[PDB]
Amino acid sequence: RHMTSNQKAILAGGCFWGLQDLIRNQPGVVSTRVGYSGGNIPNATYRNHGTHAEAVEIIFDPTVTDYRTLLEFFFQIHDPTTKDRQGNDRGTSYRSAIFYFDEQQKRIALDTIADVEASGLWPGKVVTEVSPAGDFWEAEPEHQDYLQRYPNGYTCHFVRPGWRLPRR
């Protein structure tokens, strides 16, 4: 409806509790929710989500932050070099993915991955999936805002200050 309408991203990078808890406090992030996306079956749940990834849908204000900045933070908080695993969480549920809503997001995602790789600062090849966004199945209430409600809960996400691009 206008040039600076809020924009949306869906990112997957492991256990969704940790990904949400870090992203939610980023500048320009208006709202977040966790869920299941990128897979096959409809009406996905924690117990039954097939090939879906645990993911975070992010609504953001493009005059306060931008898609590139959010992706740079994403690559700073999860290890994007492990296939179908994040830390000790193993399986396709935990894979690294960027689900793009438009061609610009696709291009920015690929450009960001190229810069990450060229930096040599990350531990290996980036294995992040870049795929068009589809259905996003909102997770159950108990998984929403989990580390806000239970701050000593499990997480293996954290900021790596050295996983940073000085320039693009």
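For every residue, the number given is its place in the sequence shown, counted from 1.
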- Query: Should the higher mean CA B-factor in the entry be assigned to 70 to 78 or to 86 to 94?
  - Reply: 86 to 94
- Between 134 to 142 and 112 to 120 (mean CA B-factor, as deposited), the higher: 134 to 142
- Entry-reported C-alpha B-factor of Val64 relative to its chain, by third, is middle
- So, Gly50's CA B-factor, relative to its chain, sits in which third? The highest
- Query: Should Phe16 be placed in the lowest, middle or highest third of its chain by the C-alpha B factor in the entry?
  - Reply: lowest
- Query: By its CA B factor, does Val159 count among the lowest, middle or highest third of the modelled residues in the chain?
  - Reply: middle
- Considering only modelled residues of the same chain, in which third does the CA B-factor of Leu147 rank: lowest, middle or highest? highest
